[PDB]
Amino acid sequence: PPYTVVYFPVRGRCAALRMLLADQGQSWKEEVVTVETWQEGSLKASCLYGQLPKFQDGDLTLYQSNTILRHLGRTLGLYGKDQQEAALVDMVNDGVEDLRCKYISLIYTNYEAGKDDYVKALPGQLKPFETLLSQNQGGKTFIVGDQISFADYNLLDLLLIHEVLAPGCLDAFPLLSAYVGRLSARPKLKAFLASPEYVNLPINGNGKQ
């Protein structure tokens, strides 16, 4: 396969790029890194920023989950139709990463005491994505433009993991709700999301969700 994904046995920051690859019919190899192997230190020391994911595209080695998403976006034509739409794609993805950031901070550093405040704040954090859908073909296509982009895969994962954290959190948002259903029904993606490759990995590395 042209691609290799190197990561812990978790969905985490590789979930969206895996959905992208599956949906696009691309083949890849998973190199699973155990925490025992990670704690040994040598792989970590070799990583540019001492972190995973690490990704290989033939001779090219990449780090940074959003670098991997933008690279796949660029090379597979999942980055909008022109420079103006590419900027809108980036603006969506940077917004997804900000909330993913907040989610990861809750999960790994403050889950027991901070979940109440997080869930209370969540509608205000999701509403921008509903507003963006409402301004693009009535929400009937994708988050930017009329073709899928890497930002759609990242937003879709963000929405899925938030439905597990806070069940019902999309019920006030009809366009986000319909978008989750529509993209989740794309045949290759539907098959991936139902497969044990996806279903039998935990969302996060500490067993919280």
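Throughout, we count residues from 1 along the sequence that is shown.
Q: With reference to the PDB entry, specify whether the mean Cα temperature factor is higher for 176-184 or for 58-66.
A: The entry gives the higher C-alpha B-factor average to 58-66.
Q: Check the entry's C-alpha temperature factors for 138-146 and 47-55, then say which stretch has the higher mean.
A: Averaged over C-alpha atoms, the B-factors run higher in 47-55.
Q: Out of 131, 93, 110, 125, whose C-alpha atom has the biggest B factor in the entry?
A: Answer, based on the entry's C-alpha B-factors: 110.
Q: Taking the entry's C-alpha B-factors for this chain, is residue 32 in the lowest, middle or highest third?
A: Its C-alpha B-factor belongs to the highest third of this chain's values.
Q: Is residue 151 in the lowest, middle or highest third of its chain when residues are ranked by C-alpha B-factor?
A: Lowest third of the chain for residue 151's C-alpha B-factor.
Q: Please place residue 105 in the lowest, middle or highest third of its chain by C-alpha B factor as given in the entry.
A: Top third by C-alpha B-factor.
Q: Relative to the other modelled residues in the chain, which third contains the C-alpha temperature factor of residue 80: lowest, middle or highest?
A: Middle third.
Q: Using the temperature factors of the C-alpha atoms in this entry, rank residue 171 within its chain: lowest, middle or highest third.
A: It falls in the middle third of the chain.
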